[PDB]
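upload_4.pdb follows (PDB, C-alpha atoms):
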```pdb
ATOM      1  CA  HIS A   7     107.950  98.599  92.886  1.00  0.00           C
ATOM      2  CA  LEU A   8     108.149  96.218  89.928  1.00  0.00           C
ATOM      3  CA  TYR A   9     105.434  97.177  87.417  1.00  0.00           C
ATOM      4  CA  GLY A  10     104.402  99.694  90.083  1.00  0.00           C
ATOM      5  CA  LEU A  11     103.127  96.847  92.293  1.00  0.00           C
ATOM      6  CA  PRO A  12     104.535  95.850  95.691  1.00  0.00           C
ATOM      7  CA  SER A  13     106.375  92.563  96.036  1.00  0.00           C
ATOM      8  CA  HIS A  14     103.707  90.853  98.157  1.00  0.00           C
ATOM      9  CA  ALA A  15     100.982  91.574  95.601  1.00  0.00           C
ATOM     10  CA  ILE A  16     103.153  90.034  92.872  1.00  0.00           C
ATOM     11  CA  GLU A  17     103.825  86.937  94.987  1.00  0.00           C
ATOM     12  CA  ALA A  18     100.123  86.550  95.799  1.00  0.00           C
ATOM     13  CA  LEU A  19      99.193  86.758  92.111  1.00  0.00           C
ATOM     14  CA  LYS A  20     101.999  84.339  91.247  1.00  0.00           C
ATOM     15  CA  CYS A  21     100.821  82.035  94.041  1.00  0.00           C
ATOM     16  CA  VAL A  22      97.366  81.613  92.502  1.00  0.00           C
ATOM     17  CA  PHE A  23      99.050  80.754  89.199  1.00  0.00           C
ATOM     18  CA  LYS A  24     101.125  78.072  90.950  1.00  0.00           C
ATOM     19  CA  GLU A  25      97.933  76.339  92.120  1.00  0.00           C
ATOM     20  CA  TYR A  26      97.180  75.384  88.486  1.00  0.00           C
ATOM     21  CA  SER A  27      99.628  73.160  86.611  1.00  0.00           C
ATOM     22  CA  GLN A  28      97.813  73.937  83.346  1.00  0.00           C
ATOM     23  CA  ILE A  29      99.247  77.474  83.409  1.00  0.00           C
ATOM     24  CA  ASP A  30     102.474  77.163  81.440  1.00  0.00           C
ATOM     25  CA  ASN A  31     103.106  80.920  81.431  1.00  0.00           C
ATOM     26  CA  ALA A  32     101.656  84.196  82.697  1.00  0.00           C
ATOM     27  CA  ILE A  33     102.206  87.283  80.535  1.00  0.00           C
ATOM     28  CA  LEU A  34     101.788  90.824  81.844  1.00  0.00           C
ATOM     29  CA  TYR A  35     100.731  93.384  79.237  1.00  0.00           C
ATOM     30  CA  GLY A  36      99.233  96.850  79.053  1.00  0.00           C
ATOM     31  CA  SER A  37     100.282  99.900  81.053  1.00  0.00           C
ATOM     32  CA  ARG A  38     102.143  97.901  83.710  1.00  0.00           C
ATOM     33  CA  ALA A  39     104.374  96.190  81.144  1.00  0.00           C
ATOM     34  CA  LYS A  40     104.712  99.401  79.131  1.00  0.00           C
ATOM     35  CA  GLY A  41     105.644 101.541  82.117  1.00  0.00           C
ATOM     36  CA  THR A  42     102.813 103.944  81.196  1.00  0.00           C
ATOM     37  CA  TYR A  43     100.786 102.984  84.276  1.00  0.00           C
ATOM     38  CA  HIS A  44      99.272 104.993  87.113  1.00  0.00           C
ATOM     39  CA  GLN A  45      98.272 103.942  90.624  1.00  0.00           C
ATOM     40  CA  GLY A  46      94.748 103.219  89.381  1.00  0.00           C
ATOM     41  CA  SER A  47      95.918 101.250  86.348  1.00  0.00           C
ATOM     42  CA  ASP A  48      94.520  97.744  86.035  1.00  0.00           C
ATOM     43  CA  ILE A  49      96.614  94.566  85.982  1.00  0.00           C
ATOM     44  CA  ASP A  50      96.247  92.895  82.578  1.00  0.00           C
ATOM     45  CA  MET A  51      97.409  89.275  82.557  1.00  0.00           C
ATOM     46  CA  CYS A  52      97.327  86.685  79.770  1.00  0.00           C
ATOM     47  CA  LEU A  53      97.731  83.031  80.722  1.00  0.00           C
ATOM     48  CA  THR A  54      99.124  80.478  78.273  1.00  0.00           C
ATOM     49  CA  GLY A  55      97.958  76.886  78.615  1.00  0.00           C
ATOM     50  CA  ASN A  56      96.035  74.720  76.166  1.00  0.00           C
ATOM     51  CA  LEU A  57      94.442  72.753  79.019  1.00  0.00           C
ATOM     52  CA  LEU A  58      92.965  75.958  80.475  1.00  0.00           C
ATOM     53  CA  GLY A  59      89.189  76.173  80.180  1.00  0.00           C
ATOM     54  CA  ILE A  60      86.303  78.326  81.386  1.00  0.00           C
ATOM     55  CA  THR A  61      86.106  76.370  84.646  1.00  0.00           C
ATOM     56  CA  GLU A  62      89.742  77.179  85.421  1.00  0.00           C
ATOM     57  CA  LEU A  63      89.453  80.806  84.267  1.00  0.00           C
ATOM     58  CA  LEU A  64      86.547  81.469  86.631  1.00  0.00           C
ATOM     59  CA  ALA A  65      88.436  79.718  89.438  1.00  0.00           C
ATOM     60  CA  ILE A  66      91.497  81.959  89.085  1.00  0.00           C
ATOM     61  CA  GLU A  67      89.313  85.064  88.763  1.00  0.00           C
ATOM     62  CA  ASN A  68      87.507  84.115  91.978  1.00  0.00           C
ATOM     63  CA  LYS A  69      90.755  83.571  93.890  1.00  0.00           C
ATOM     64  CA  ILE A  70      92.286  86.810  92.593  1.00  0.00           C
ATOM     65  CA  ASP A  71      89.100  88.666  93.522  1.00  0.00           C
ATOM     66  CA  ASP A  72      89.346  87.242  97.047  1.00  0.00           C
ATOM     67  CA  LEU A  73      92.812  88.811  97.287  1.00  0.00           C
ATOM     68  CA  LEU A  74      90.957  92.158  97.544  1.00  0.00           C
ATOM     69  CA  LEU A  75      93.661  93.993  95.616  1.00  0.00           C
ATOM     70  CA  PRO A  76      93.193  97.748  95.054  1.00  0.00           C
ATOM     71  CA  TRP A  77      93.839  97.292  91.314  1.00  0.00           C
ATOM     72  CA  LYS A  78      91.530  95.400  88.973  1.00  0.00           C
ATOM     73  CA  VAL A  79      92.951  92.212  87.459  1.00  0.00           C
ATOM     74  CA  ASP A  80      91.768  91.288  83.954  1.00  0.00           C
ATOM     75  CA  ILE A  81      92.903  87.716  83.247  1.00  0.00           C
ATOM     76  CA  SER A  82      92.799  86.326  79.713  1.00  0.00           C
ATOM     77  CA  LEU A  83      93.545  83.060  77.925  1.00  0.00           C
ATOM     78  CA  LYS A  84      95.907  83.361  74.960  1.00  0.00           C
ATOM     79  CA  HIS A  85      94.226  80.623  72.908  1.00  0.00           C
ATOM     80  CA  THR A  86      90.885  82.442  73.374  1.00  0.00           C
ATOM     81  CA  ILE A  87      91.948  85.910  72.123  1.00  0.00           C
ATOM     82  CA  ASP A  88      90.183  86.690  68.842  1.00  0.00           C
ATOM     83  CA  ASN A  89      91.434  90.294  68.591  1.00  0.00           C
ATOM     84  CA  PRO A  90      94.551  90.434  66.365  1.00  0.00           C
ATOM     85  CA  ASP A  91      95.431  93.900  67.683  1.00  0.00           C
ATOM     86  CA  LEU A  92      95.359  92.562  71.246  1.00  0.00           C
ATOM     87  CA  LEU A  93      97.407  89.483  70.324  1.00  0.00           C
ATOM     88  CA  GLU A  94     100.058  91.523  68.505  1.00  0.00           C
ATOM     89  CA  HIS A  95     100.542  93.729  71.564  1.00  0.00           C
ATOM     90  CA  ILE A  96     100.796  90.717  73.885  1.00  0.00           C
ATOM     91  CA  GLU A  97     103.381  89.005  71.691  1.00  0.00           C
ATOM     92  CA  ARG A  98     105.337  92.243  71.161  1.00  0.00           C
ATOM     93  CA  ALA A  99     105.143  94.031  74.531  1.00  0.00           C
ATOM     94  CA  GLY A 100     104.336  91.126  76.850  1.00  0.00           C
ATOM     95  CA  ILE A 101     106.401  90.555  79.986  1.00  0.00           C
ATOM     96  CA  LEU A 102     107.075  87.162  81.584  1.00  0.00           C
ATOM     97  CA  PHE A 103     105.134  87.330  84.858  1.00  0.00           C
ATOM     98  CA  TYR A 104     105.229  83.639  85.823  1.00  0.00           C
ATOM     99  CA  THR A 105     106.609  80.341  84.518  1.00  0.00           C
ATOM    100  CA  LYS A 106     105.212  76.922  85.491  1.00  0.00           C
TER     101      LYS A 106
ATOM    102  CA  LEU B   8      91.493  89.221 109.510  1.00  0.00           C
ATOM    103  CA  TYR B   9      93.906  89.994 112.370  1.00  0.00           C
ATOM    104  CA  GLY B  10      93.952  93.534 110.988  1.00  0.00           C
ATOM    105  CA  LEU B  11      95.710  92.215 107.887  1.00  0.00           C
ATOM    106  CA  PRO B  12      94.808  92.538 104.201  1.00  0.00           C
ATOM    107  CA  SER B  13      93.736  89.365 102.443  1.00  0.00           C
ATOM    108  CA  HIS B  14      96.608  89.424  99.943  1.00  0.00           C
ATOM    109  CA  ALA B  15      99.172  89.624 102.749  1.00  0.00           C
ATOM    110  CA  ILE B  16      97.567  86.655 104.526  1.00  0.00           C
ATOM    111  CA  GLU B  17      97.726  84.567 101.347  1.00  0.00           C
ATOM    112  CA  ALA B  18     101.276  85.706 100.565  1.00  0.00           C
ATOM    113  CA  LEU B  19     102.395  84.541 104.007  1.00  0.00           C
ATOM    114  CA  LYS B  20     100.417  81.336 103.484  1.00  0.00           C
ATOM    115  CA  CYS B  21     102.133  81.020 100.098  1.00  0.00           C
ATOM    116  CA  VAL B  22     105.575  80.721 101.698  1.00  0.00           C
ATOM    117  CA  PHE B  23     104.215  78.231 104.235  1.00  0.00           C
ATOM    118  CA  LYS B  24     102.652  76.181 101.429  1.00  0.00           C
ATOM    119  CA  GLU B  25     106.055  75.890  99.717  1.00  0.00           C
ATOM    120  CA  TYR B  26     107.509  73.850 102.614  1.00  0.00           C
ATOM    121  CA  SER B  27     106.175  70.343 103.226  1.00  0.00           C
ATOM    122  CA  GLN B  28     107.836  70.121 106.645  1.00  0.00           C
ATOM    123  CA  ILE B  29     105.430  72.796 107.920  1.00  0.00           C
ATOM    124  CA  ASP B  30     102.363  71.172 109.471  1.00  0.00           C
ATOM    125  CA  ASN B  31     100.564  74.238 110.847  1.00  0.00           C
ATOM    126  CA  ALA B  32     101.250  77.940 111.322  1.00  0.00           C
ATOM    127  CA  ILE B  33      99.966  79.453 114.574  1.00  0.00           C
ATOM    128  CA  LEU B  34      99.516  83.223 114.812  1.00  0.00           C
ATOM    129  CA  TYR B  35      99.958  84.553 118.351  1.00  0.00           C
ATOM    130  CA  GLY B  36     100.952  87.816 120.008  1.00  0.00           C
ATOM    131  CA  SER B  37      99.185  91.165 119.707  1.00  0.00           C
ATOM    132  CA  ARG B  38      97.296  89.780 116.725  1.00  0.00           C
ATOM    133  CA  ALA B  39      94.844  86.954 117.488  1.00  0.00           C
ATOM    134  CA  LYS B  40      93.902  89.269 120.382  1.00  0.00           C
ATOM    135  CA  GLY B  41      92.394  92.732 120.411  1.00  0.00           C
ATOM    136  CA  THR B  42      95.609  94.511 121.375  1.00  0.00           C
ATOM    137  CA  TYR B  43      97.073  94.745 117.867  1.00  0.00           C
ATOM    138  CA  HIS B  44      97.052  98.034 115.971  1.00  0.00           C
ATOM    139  CA  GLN B  45      98.282  99.248 112.582  1.00  0.00           C
ATOM    140  CA  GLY B  46     101.999  98.500 112.607  1.00  0.00           C
ATOM    141  CA  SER B  47     101.896  95.658 115.134  1.00  0.00           C
ATOM    142  CA  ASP B  48     104.261  92.769 114.512  1.00  0.00           C
ATOM    143  CA  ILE B  49     103.364  89.371 113.056  1.00  0.00           C
ATOM    144  CA  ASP B  50     104.049  86.608 115.593  1.00  0.00           C
ATOM    145  CA  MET B  51     103.997  83.198 113.895  1.00  0.00           C
ATOM    146  CA  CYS B  52     104.891  79.831 115.427  1.00  0.00           C
ATOM    147  CA  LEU B  53     105.452  76.979 112.968  1.00  0.00           C
ATOM    148  CA  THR B  54     104.648  73.382 113.900  1.00  0.00           C
ATOM    149  CA  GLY B  55     106.751  70.562 112.530  1.00  0.00           C
ATOM    150  CA  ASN B  56     109.339  67.981 113.427  1.00  0.00           C
ATOM    151  CA  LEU B  57     111.347  67.992 110.189  1.00  0.00           C
ATOM    152  CA  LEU B  58     111.921  71.757 110.381  1.00  0.00           C
ATOM    153  CA  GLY B  59     115.284  73.069 111.561  1.00  0.00           C
ATOM    154  CA  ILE B  60     117.527  76.123 111.320  1.00  0.00           C
ATOM    155  CA  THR B  61     118.221  75.994 107.570  1.00  0.00           C
ATOM    156  CA  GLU B  62     114.527  75.885 106.675  1.00  0.00           C
ATOM    157  CA  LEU B  63     113.756  78.519 109.330  1.00  0.00           C
ATOM    158  CA  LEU B  64     116.349  80.900 107.872  1.00  0.00           C
ATOM    159  CA  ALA B  65     115.046  80.225 104.358  1.00  0.00           C
ATOM    160  CA  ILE B  66     111.408  80.894 105.287  1.00  0.00           C
ATOM    161  CA  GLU B  67     112.347  84.170 106.986  1.00  0.00           C
ATOM    162  CA  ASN B  68     114.302  85.221 103.893  1.00  0.00           C
ATOM    163  CA  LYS B  69     111.401  84.318 101.595  1.00  0.00           C
ATOM    164  CA  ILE B  70     109.103  86.465 103.746  1.00  0.00           C
ATOM    165  CA  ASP B  71     111.751  89.199 103.745  1.00  0.00           C
ATOM    166  CA  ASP B  72     111.386  89.182  99.953  1.00  0.00           C
ATOM    167  CA  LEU B  73     107.680  89.950 100.455  1.00  0.00           C
ATOM    168  CA  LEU B  74     108.617  93.454 101.715  1.00  0.00           C
ATOM    169  CA  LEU B  75     105.766  93.574 104.220  1.00  0.00           C
ATOM    170  CA  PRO B  76     105.360  96.739 106.323  1.00  0.00           C
ATOM    171  CA  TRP B  77     105.014  94.779 109.567  1.00  0.00           C
ATOM    172  CA  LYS B  78     107.878  92.872 111.146  1.00  0.00           C
ATOM    173  CA  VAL B  79     107.428  89.093 111.070  1.00  0.00           C
ATOM    174  CA  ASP B  80     108.730  86.930 113.917  1.00  0.00           C
ATOM    175  CA  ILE B  81     108.983  83.230 113.044  1.00  0.00           C
ATOM    176  CA  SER B  82     109.514  80.582 115.719  1.00  0.00           C
ATOM    177  CA  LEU B  83     109.672  76.792 115.771  1.00  0.00           C
ATOM    178  CA  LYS B  84     107.483  75.086 118.364  1.00  0.00           C
ATOM    179  CA  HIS B  85     110.019  72.352 119.177  1.00  0.00           C
ATOM    180  CA  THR B  86     112.626  75.065 119.883  1.00  0.00           C
ATOM    181  CA  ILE B  87     110.567  77.305 122.197  1.00  0.00           C
ATOM    182  CA  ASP B  88     112.380  77.039 125.539  1.00  0.00           C
ATOM    183  CA  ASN B  89     110.256  79.683 127.296  1.00  0.00           C
ATOM    184  CA  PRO B  90     107.334  77.803 128.904  1.00  0.00           C
ATOM    185  CA  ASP B  91     105.327  81.014 129.351  1.00  0.00           C
ATOM    186  CA  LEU B  92     105.587  81.659 125.611  1.00  0.00           C
ATOM    187  CA  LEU B  93     104.639  78.078 124.713  1.00  0.00           C
ATOM    188  CA  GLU B  94     101.645  78.133 127.066  1.00  0.00           C
ATOM    189  CA  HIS B  95     100.385  81.340 125.441  1.00  0.00           C
ATOM    190  CA  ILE B  96     100.784  79.824 121.967  1.00  0.00           C
ATOM    191  CA  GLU B  97      98.534  76.956 123.034  1.00  0.00           C
ATOM    192  CA  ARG B  98      96.254  79.314 124.984  1.00  0.00           C
ATOM    193  CA  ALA B  99      95.560  82.134 122.512  1.00  0.00           C
ATOM    194  CA  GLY B 100      97.116  80.865 119.278  1.00  0.00           C
ATOM    195  CA  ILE B 101      94.921  80.952 116.176  1.00  0.00           C
ATOM    196  CA  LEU B 102      95.542  78.551 113.297  1.00  0.00           C
ATOM    197  CA  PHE B 103      96.868  80.615 110.380  1.00  0.00           C
ATOM    198  CA  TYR B 104      97.892  77.872 107.924  1.00  0.00           C
ATOM    199  CA  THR B 105      97.276  74.124 107.665  1.00  0.00           C
ATOM    200  CA  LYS B 106      98.790  71.486 105.366  1.00  0.00           C
TER     201      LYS B 106
END
```
I need this file expressed as structure tokens, please.
Amino acid sequence: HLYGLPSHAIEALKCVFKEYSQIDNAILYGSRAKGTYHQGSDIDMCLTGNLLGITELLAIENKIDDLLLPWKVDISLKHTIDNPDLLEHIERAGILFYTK
Amino acid sequence: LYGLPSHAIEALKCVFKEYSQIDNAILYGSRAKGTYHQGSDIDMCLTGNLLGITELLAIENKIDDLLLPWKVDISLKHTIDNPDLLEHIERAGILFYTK
């Protein structure tokens, strides 16, 4: 179980990212990337793409929600992050989840 | 749907989306009827005229990478030589994926 998640859940999440060409990269961070996760741990993803806007963000969130995954998926936009502590962790401990 | 979780349905649809030769994906068998249970197999017939053995093998391998609990049987419509099977696919088949 990569990041503790089954392979089909990873491919489904990756599949929604493929639907949007604006996503250059998808970065996994938090407990799943650290290895300090549990079964109830959330899935923290950070998408990189300057063309990404609020209309896209809500569209990915809606499609991921329709997946009905047991774990919560918090999706973020890198160019939107205002927290320097959050950014430092993403750039230091981030894992390459998906490439365009 | 069909006693399947949503993320598994999309994951299977994901593989089908990756191949332009696939026109439709028809789900038959225990699923699409009431007989299926937990652990029943996934019977899928693909429609296309560009599809052949090399694609077929590749799609099955890509779904093997999914590591699904249920066994997935993939068939090509233009290769079904059992008329009773083909009649049932037209009779009770439910459209799983469309271009």
Handout entry: Shell of 10 Å around residue A:27, only C-alpha atoms, local chain residues under 2 positions omitted, as number ranges by chain
Key = A: 23-25, 29-31, 55, 57-58, 106
Practice task
Can you check which residues of chain A have any atom within 7 Å of chain B? Use all atoms listed in the file and format it as a ChimeraX atom specification.
Solution key: /A:13-15,17-18,21,73-75
Exercise for the section: Name every residue that the PyMOL selection byres ((chain B and resi 99) around 9) selects in this structure, writing the answer as a PyMOL selection string with chains first and numbers rising. Expected result: chain B and resi 34-36+39-40+94-98+100-101
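With only the atoms specified (all atoms listed in the file) counting, those residues at most 8 Å away from (101.5, 76.1, 112.5) are residues 29, 30, 31, 32, 33, 34, 51, 52, 53, 54, 55, 102, 103, 104 and 105 of chain B.
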Practice task
Expand the PyMOL selection byres ((chain B and resi 85) around 8) into the individual residues it matches in the shown file, reporting them as an NGL selection string.
Solution key: :B and (54-56 or 83-84 or 86-87)
Handout entry: Residues within 12 Å of residue A:60, all atoms listed in the file, excluding chain neighbours under 2 positions, as a count of residues only
Key = 14
Exercise for the section: Considering only C-alpha atoms, return as a PyMOL selection string whatever protein or nucleic-acid residues lie within 10 Å of residue B:27, sequence-local ones (same chain, fewer than 6 positions apart) excluded. Expected result: chain B and resi 55+57-58+106
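Nearest residue to residue A:84, choosing from A:59, A:36, A:46, A:41 and counting only C-alpha atoms: A:59.
A search radius of 10 Å centred on (94.0, 89.3, 79.5), applied to all atoms listed in the file, returns the residues residues 32, 33, 34, 35, 36, 49, 50, 51, 52, 53, 79, 80, 81, 82, 83, 84, 86, 87, 92, 93 and 96 of chain A.
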Selection from above, C-alpha atoms, as a short mmCIF file (atom, residue, chain, number, x, y, z; two decimals), in the frame of the given file, can you write it?
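Printed below is part_27.cif as written:
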```cif
data_model
loop_
_atom_site.label_atom_id
_atom_site.label_comp_id
_atom_site.auth_asym_id
_atom_site.auth_seq_id
_atom_site.Cartn_x
_atom_site.Cartn_y
_atom_site.Cartn_z
CA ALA A 32 101.66 84.20 82.70
CA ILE A 33 102.21 87.28 80.54
CA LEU A 34 101.79 90.82 81.84
CA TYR A 35 100.73 93.38 79.24
CA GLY A 36 99.23 96.85 79.05
CA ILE A 49 96.61 94.57 85.98
CA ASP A 50 96.25 92.90 82.58
CA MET A 51 97.41 89.28 82.56
CA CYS A 52 97.33 86.68 79.77
CA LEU A 53 97.73 83.03 80.72
CA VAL A 79 92.95 92.21 87.46
CA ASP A 80 91.77 91.29 83.95
CA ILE A 81 92.90 87.72 83.25
CA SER A 82 92.80 86.33 79.71
CA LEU A 83 93.54 83.06 77.92
CA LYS A 84 95.91 83.36 74.96
CA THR A 86 90.88 82.44 73.37
CA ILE A 87 91.95 85.91 72.12
CA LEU A 92 95.36 92.56 71.25
CA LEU A 93 97.41 89.48 70.32
CA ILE A 96 100.80 90.72 73.89
#
```
Problem - Minimum-distance residue to residue A:26, chosen among A:43, A:77, A:104, A:9 (using only C-alpha atoms) - result: A:104
